[PDB]
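Chemist: Please read through the structure below; I'll follow up with questions.
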Amino acid sequence: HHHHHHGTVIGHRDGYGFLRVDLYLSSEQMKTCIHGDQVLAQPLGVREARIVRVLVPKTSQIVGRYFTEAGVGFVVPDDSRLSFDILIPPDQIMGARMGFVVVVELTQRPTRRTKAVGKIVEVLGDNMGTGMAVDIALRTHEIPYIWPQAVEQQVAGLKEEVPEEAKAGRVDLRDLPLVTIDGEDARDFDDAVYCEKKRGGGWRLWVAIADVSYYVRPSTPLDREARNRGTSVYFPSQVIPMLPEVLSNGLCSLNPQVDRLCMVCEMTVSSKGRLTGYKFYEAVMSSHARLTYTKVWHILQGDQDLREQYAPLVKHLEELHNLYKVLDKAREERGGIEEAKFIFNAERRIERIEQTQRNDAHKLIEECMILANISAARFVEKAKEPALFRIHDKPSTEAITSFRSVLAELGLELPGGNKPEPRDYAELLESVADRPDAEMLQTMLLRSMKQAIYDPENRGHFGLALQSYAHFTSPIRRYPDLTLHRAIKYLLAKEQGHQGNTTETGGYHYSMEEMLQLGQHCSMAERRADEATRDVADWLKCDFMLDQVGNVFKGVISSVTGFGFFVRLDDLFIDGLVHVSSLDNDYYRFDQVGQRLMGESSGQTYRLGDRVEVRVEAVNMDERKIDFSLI
Ligand SMILES: [Mg+2]
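Heads up: the sequence shown begins at 3 in the working numbering, then just goes up one per residue.
Here is the structure:
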């Protein structure tokens, strides 16, 4: 291995590529490499890399469109990072027609002297819409969506009601006024909340979680497919769930006024919002109400109709609000640190675009879940039990250096010395809030942050300013949370003197070697789901702008490159490119650290965060890209 690197090939539509381990792959090297290959590589000069061998080749389902040249069929990949055509012999056409979207299995990889060859294994057709975009995204990103037969068989024997035999031995919380608060369109209720004032100060908080590990035991078909998926995937009006709906919307979901098994984190909180204690136990509950964020917020604002309808719960909802206010302040004391809302028509296409409104009902659930997440992480960390922590690393030295150089030119500084802490960034964010360039500085700060991941090494969570954090409260839709419930049940039994590695209600002890693999896989699945949903969102946004060619929009420069700058349209969350060739004729200089394109003769300056107006010049539906002209 010295000195090799295992990495994944990332193609580029222009013929060259990259190795994700940042290494560059020449155009000639990419004649035998395929976007998605897993390889062993060696570094060269400047940083270029040479491929030693292909460890896991990319052969799986390639989505593209079918055409013919001189009677020879071929497929143009939909993902232009697969920057080659695929010949299809005439007996492997499966009855595809010109322009149809098809799915290909490679039979010959491309080489320097020959083109790739494949066979069409599925024909999707020419009816391009939201359903088609989802179908393409599932296949391109290899998201599992077909239920294995063994999963269907495992689930066939499930009763609709929890049997009394399952409730025996559990803490009875059915008289506790636990409630669920979720979006109107949600059907998989992972969590329920209740809190009381604590005698002498503070609060006692119950966070009750769907007891997924009771229903999904290790190595069963349900477990193997849940790990395979890694997470639920959320498309427009359509969920690809990690678990079959009979569990995720039924027995696991904490539905109203029905007895349900749950795993409970019961916590004490000080009058200043500090977690002072926690315990975990299996219980049975009965949700007193299925509420929405909108209803709860209106209740807290004083809405008469809702406070009459839910009068027996109003005091309990107000107490969660009181607790939240102090938890929010505790997050501030700790070190602290806008989204599109698609309105769809009946055909799952965008009718209009709104800005999501986030209110105290969203945030009180968020802070309650964070407390349970902290409690679960501290529980497994103190026990030295192999588990996935939800970690968020410090910003890179290079990102801090570039950020401080941008700040210094403005007379600003990032406090905290050479290794600033979350509170230092939060202090800087406060200081710049009212500046005209606050959005530019916030964007630069957030873009210096690393991406959060699942990892069995607890390196802390920078963004939340937490020493120990782990995802515990959504085991219906995240595989890491499922494994954490298993570890907690295993530890609870061990504290009672139990000596086995499993528990009759679903506990399980994992090895550190398993957890290393699981962290990489589950972090992969999280990113994979995000890229697929973004693909579909890109298609919907381009479809929405198709009839806007020629029209003018206000926007903000969202990224600057040597070939132009991208602009995000105000209130629409839609991006497009102002190419440098569309600007006034000049010699344009690119400042990378300043994120600036400067015209030498004109003195004109287009910088990240600048407010502009752009005209929609073109919408390319095949590439899902929009072209702008400035002014
Ligand atoms: Mg929920």
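Every residue gets a Cβ at the ideal spot worked out from N, C-alpha and C, and that includes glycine.
Cβ-heavy atom distance between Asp-184 and ligand 1 below 7 Å?
Modeler: In the sequence shown, residue 184 corresponds to position 182, counting from 1. Checking the Cβ of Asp-184 against ligand 1 gives yes.
Chemist: Can you give the beta carbon distance from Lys-297 to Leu-315, rounded, assuming they're within the 8 Å contact cut?
Modeler: Taking the sequence shown and counting its residues from 1, one reaches residue 297 at position 295. Taking the sequence shown and counting its residues from 1, one reaches residue 315 at position 313. No, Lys-297 and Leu-315 are not in contact; Cβ-Cβ is about 10 Å, not under 8 Å.
Chemist: Taking only the alpha-carbon atoms, compute the straight-line gap between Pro-79 and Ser-525 and give it to the nearest angstrom.
Modeler: As a first step, residue 79 must be located in the sequence shown, where it is residue number 77. As a first step, residue 525 must be located in the sequence shown, where it is residue number 523. Cα to Cα, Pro-79 sits roughly 26 Å from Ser-525.
Chemist: My output table needs one value for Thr-505: the three-state DSSP class, helix, strand or coil.
Modeler: Taking the first residue of the sequence shown as position 1, residue 505 is located at position 503. Reduced to three states, the DSSP call for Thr-505 is coil.
Chemist: Using only the alpha-carbon positions, how far apart do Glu-383 and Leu-390 sit?
Modeler: Counting from 1 along the sequence shown, the entry for residue 383 is found at position 381. Counting from 1 along the sequence shown, the entry for residue 390 is found at position 388. If I take the Cα positions, the gap works out to 10 Å.
Chemist: Is there at least one non-hydrogen atom of ligand 1 closer than 7 Å to the beta-carbon of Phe-86?
Modeler: What you label residue 86 is simply residue 84 of the sequence shown in a count that begins at 1. No, the Cβ of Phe-86 stays beyond 7 Å of every heavy atom of ligand 1.
Chemist: Return the Cβ separation of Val-181 and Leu-263 in integer angstroms, given the expectation that the two are a contact with Cβ distance under 8 Å.
Modeler: On the sequence shown, position 179 is the one that residue 181 refers to. On the sequence shown, position 261 is the one that residue 263 refers to. Contact doesn't hold; Cβ gap of about 17 Å is too wide.
Chemist: Between the Cα of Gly-418 and the Cα atoms of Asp-426, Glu-411 and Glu-387, which residue gives the shortest distance?
Modeler: By 1-based counting over the sequence shown, the position of residue 418 is 416. Nearest option by C-alpha distance: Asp-426.
Chemist: With distance defined between alpha-carbon atoms, name the residue in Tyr-510, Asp-184 and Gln-606 nearest to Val-214.
Modeler: Translated into positions along the sequence shown, residue 214 becomes position 212. The option with the nearest alpha carbon to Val-214 is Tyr-510.
Chemist: What I want to know is whether the C-beta of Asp-213 ends up closer than 7 Å to one or more non-hydrogen atoms of ligand 1.
Modeler: Mapped onto the sequence shown, residue 213 falls at position 211. It does not: the Cβ of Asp-213 is nowhere closer than 7 Å to a heavy atom of ligand 1.
Chemist: With hydrogens ignored, establish whether the beta-carbon of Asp-192 is closer than 7 Å to any heavy atom of ligand 1.
Modeler: For the purposes of this step, residue 192 is identified with residue 190 of the sequence shown, where counting begins at 1. Yes, since a heavy atom of ligand 1 falls inside the 7 Å radius drawn around the Cβ of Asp-192.
Chemist: Should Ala-51 and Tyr-26 be called a contact, given that it needs their Cβ atoms to be closer than 8 Å?
Modeler: Position 49 of the sequence shown, counting from 1, holds the residue named residue 51. Position 24 of the sequence shown, counting from 1, holds the residue named residue 26. Contact flag set, yes.
Chemist: Would you kindly report the start and end of the unbroken beta strand (DSSP E) that includes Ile-211?
Modeler: As a first step, residue 211 is located in the sequence shown; it is residue number 209 there, counting from the start. Looking at the DSSP string, the run of the beta strand (DSSP E) that includes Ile-211 is 205–212.
Chemist: Give me the residue from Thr-34, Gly-47, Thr-70 and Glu-154 with the minimum Cα distance to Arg-115.
Modeler: Counted from its first residue, the sequence shown places residue 115 at position 113. The shortest Cα separation from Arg-115 among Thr-34, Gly-47, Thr-70 and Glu-154 belongs to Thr-34.
Chemist: Give the straight-line distance between the Cα atoms of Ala-467 and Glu-369, rounded to the nearest whole angstrom.
Modeler: Residue numbering aside, residue 467 sits at position 465 when the sequence shown is read from its first letter. Residue numbering aside, residue 369 sits at position 367 when the sequence shown is read from its first letter. The straight-line gap from Cα to Cα measures roughly 13 Å.
Chemist: If contact is defined by three or more beta carbon pairs under 8 Å, each pair taking one atom from either stretch, is the region 538–552 in contact with the region 590–599?
Modeler: No: the two stretches stay apart, fewer than three of their Cβ pairs being nearer than 8 Å.
Chemist: Within this structure, are the beta carbons of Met-265 and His-473 separated by less than 8 Å?
Modeler: Translated into positions along the sequence shown, residue 265 becomes position 263. Translated into positions along the sequence shown, residue 473 becomes position 471. Their beta carbons are not under 8 Å apart, which means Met-265 does not touch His-473 by this criterion.
Chemist: Can you tell me where the alpha helix (DSSP H) holding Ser-433 begins and where it ends?
Modeler: One-based indexing of the sequence shown puts residue 433 at position 431. First-last of the alpha helix (DSSP H) with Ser-433: 424–433.
Chemist: For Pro-238, is the beta carbon positioned less than 7 Å from some heavy atom of ligand 3?
Modeler: As far as ligands go, the structure on display features ligand 1 and does not contain ligand 3.
Chemist: Taking the alpha-carbon positions, what's the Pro-146 to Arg-480 distance?
Modeler: Position 144 of the sequence shown, counted from the first residue, corresponds to residue 146. Position 478 of the sequence shown, counted from the first residue, corresponds to residue 480. Cα to Cα, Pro-146 sits roughly 14 Å from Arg-480.
Chemist: Report buried or exposed for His-3, applying the criterion of at least 16 other Cβ atoms within 10 angstroms of its Cβ.
Modeler: For the purposes of this step, residue 3 is taken as the residue at position 1 of the sequence shown. So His-3 ends up on the exposed side.
Chemist: Write down every uninterrupted run of the alpha helix (DSSP H) in the region 551–625 whose length is 4 residues or greater and which is fully enclosed by it, in chain order.
Modeler: You should have found no qualifying run.
Chemist: Please work out which residues of its chain come closer than 7 Å, Cβ to Cβ, to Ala-212, disregarding the five sequence neighbours upstream and downstream, and give them in chain order.
Modeler: Against the sequence shown, residue 212 aligns to sequence position 210. If we look at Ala-212 and ignore the five residues flanking it on each side, its Cβ neighbours are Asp-192, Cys-254, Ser-255, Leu-256, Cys-264, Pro-477 and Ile-478.
Chemist: Considering only DSSP beta bridges, list what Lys-627 is partnered with.
Modeler: Stepping through the sequence shown from its first residue, residue 627 is reached at position 625. In DSSP, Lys-627 forms a bridge with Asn-622.
Chemist: Determine the extent of the alpha helix (DSSP H) in which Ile-490 is found, giving its start and end residues.
Modeler: Numbered from its first residue, the sequence shown carries residue 490 at position 488. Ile-490 -> alpha helix (DSSP H) spans 481–497.
Chemist: Can you give me the C-alpha to C-alpha distance between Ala-401 and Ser-450, rounded to a whole angstrom?
Modeler: Taking the first residue of the sequence shown as 1, we reach residue 401 at position 399. Taking the first residue of the sequence shown as 1, we reach residue 450 at position 448. Each residue's alpha carbon lies about 5 Å from the other.
Chemist: With a threshold of 16 other CB atoms inside 10 Å of the CB of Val-123, please say whether the residue is buried or exposed.
Modeler: On the sequence shown, position 121 is the one that residue 123 refers to. Classification of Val-123: exposed, given that the 10 Å Cβ count is below 16.
Chemist: Alpha carbon to alpha carbon, what distance is there between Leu-494 and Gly-502?
Modeler: The residue labelled residue 502 in the question sits at position 500 within the sequence shown. The residue labelled residue 494 in the question sits at position 492 within the sequence shown. Going by the C-alpha atoms only, they are around 12 Å apart.
Chemist: Measuring only the C-alpha atoms, how far is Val-621 from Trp-541?
Modeler: By 1-based counting over the sequence shown, the position of residue 621 is 619. By 1-based counting over the sequence shown, the position of residue 541 is 539. Straight-line Cα distance between these residues: approximately 11 Å.
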